[PDB]
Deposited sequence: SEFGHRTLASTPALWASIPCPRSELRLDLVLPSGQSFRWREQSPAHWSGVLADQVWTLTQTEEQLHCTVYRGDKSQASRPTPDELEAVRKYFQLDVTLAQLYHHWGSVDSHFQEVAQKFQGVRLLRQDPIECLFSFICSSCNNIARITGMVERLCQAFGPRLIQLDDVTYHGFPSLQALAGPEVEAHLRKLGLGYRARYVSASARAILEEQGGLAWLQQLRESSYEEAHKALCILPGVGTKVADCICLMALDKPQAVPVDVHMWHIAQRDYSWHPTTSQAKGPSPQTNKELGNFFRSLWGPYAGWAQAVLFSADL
């Protein structure tokens, strides 16, 4: 009982709750949907993972979000739950965002009704950078497996629940270390093992370390996007993922073949400027402008919602 992953109904004295309606958030729609890859539904409706350098389990009812942290056991403190608030960017009201997109997009109107609770996670820049560098020519199941082994290999050991040992995401110096590539290739990352290693070294040995990456949150989206592309293994898509998911740039719209199919089938979209009939540097850039023009400042979040509905 005092062992393994906890459940709201088996260790109540250790569960604090954050007032949150299921319309404002649906863990089952945001946690395993390709944003973060370190969340596991260890037990039904219960999600465990590393947040703010600690292991947590989250489960929700209808008006509450129940949280328990694994650091002397005791329910989460005020400051701790506040961290969870920040991670789920709760001050950002979805009821308001859905109303807006819906009123300017009749297609979002219908489709979005059945998929409330989809928001964007405010992740850490490094985790995003390397997680998303691994996303190349890949899928969520495979990315998750890769990222899981990468953290098992180079991440600080946090704690152990049942037969699961949690690790923090690797630091920059860890990934920049000698022979990390050879080691990551043994973990099946393929050519992605090269980009991880190079970007780790590039940031530390050319860009001015961690702080460089951080400062991008205070930079403009167009400025932050251009910065990230410098890094080896980081293209336009990954740059937009990092901008949208870790650099507080909600108007960033990562364009990929998926978004393309949603554009042609749901909006009869066609490229205007670019002469390429299909995806290309020009056309994808154009597609991104289309949705930012369509949904506005949060075109990135709108996309998330549409991607889920398309699942």
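Novice: Which parts of the deposited chain sequence are absent from the coordinates, listed in sequence order?
Specialist: Gap vs deposited seq: just 72-75.
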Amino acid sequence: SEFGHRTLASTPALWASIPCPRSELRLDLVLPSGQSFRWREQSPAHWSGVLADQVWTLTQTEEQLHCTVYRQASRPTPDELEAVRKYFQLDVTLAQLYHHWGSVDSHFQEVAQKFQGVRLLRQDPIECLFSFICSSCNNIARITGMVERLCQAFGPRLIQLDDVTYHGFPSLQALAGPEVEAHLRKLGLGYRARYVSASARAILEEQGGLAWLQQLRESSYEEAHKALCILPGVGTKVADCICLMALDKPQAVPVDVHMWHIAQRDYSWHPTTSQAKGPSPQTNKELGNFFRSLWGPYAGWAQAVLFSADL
From here on, numbers count along this sequence of modelled residues.
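Novice: Determine, for stretches 8-16 and 298-306, which one has the higher mean CA B-factor as deposited.
Specialist: The stretch with the larger mean CA B-factor is 8-16.
Novice: Look up the CA B-factors in the entry and say which stretch, 217-225 or 143-151, has the higher mean.
Specialist: So the stretch with the higher mean C-alpha B-factor is 217-225.
Novice: Quick one: which of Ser280, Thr59, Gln35, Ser48 shows the highest Cα temperature factor in the PDB entry?
Specialist: Comparing C-alpha B-factors across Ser280, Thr59, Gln35, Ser48, the top value belongs to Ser280.
Novice: Just the C-alpha B-factor column, please: which of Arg75, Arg201, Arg185, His167 has the biggest number?
Specialist: The C-alpha B-factor peaks, among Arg75, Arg201, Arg185, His167, at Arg75.
Novice: Taking the chain's C-alpha temperature factors as the reference, tell me which third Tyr98 falls into: lowest, middle or highest.
Specialist: Middle third of the chain for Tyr98's C-alpha B-factor.
Novice: Going by what the PDB entry lists, where does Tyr70 fall on CA B-factor within its chain: lowest, middle or highest third?
Specialist: Its C-alpha B-factor, which the entry lists for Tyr70, ranks in the middle third among residues of this chain.
Novice: Taking the C-alpha B-factors as the PDB entry records them, is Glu206 in the lowest, middle or highest third of its chain?
Specialist: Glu206: CA B-factor falls in the middle third of its chain.
Novice: Looking at the C-alpha B-factor of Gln109, is it in the lowest, middle or highest third of its chain?
Specialist: Tercile = highest for this residue's CA B-factor.
Novice: Thinking about Cα B factors across the chain, which third does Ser293 belong to?
Specialist: According to the entry, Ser293 has a C-alpha B-factor in the chain's lowest third.
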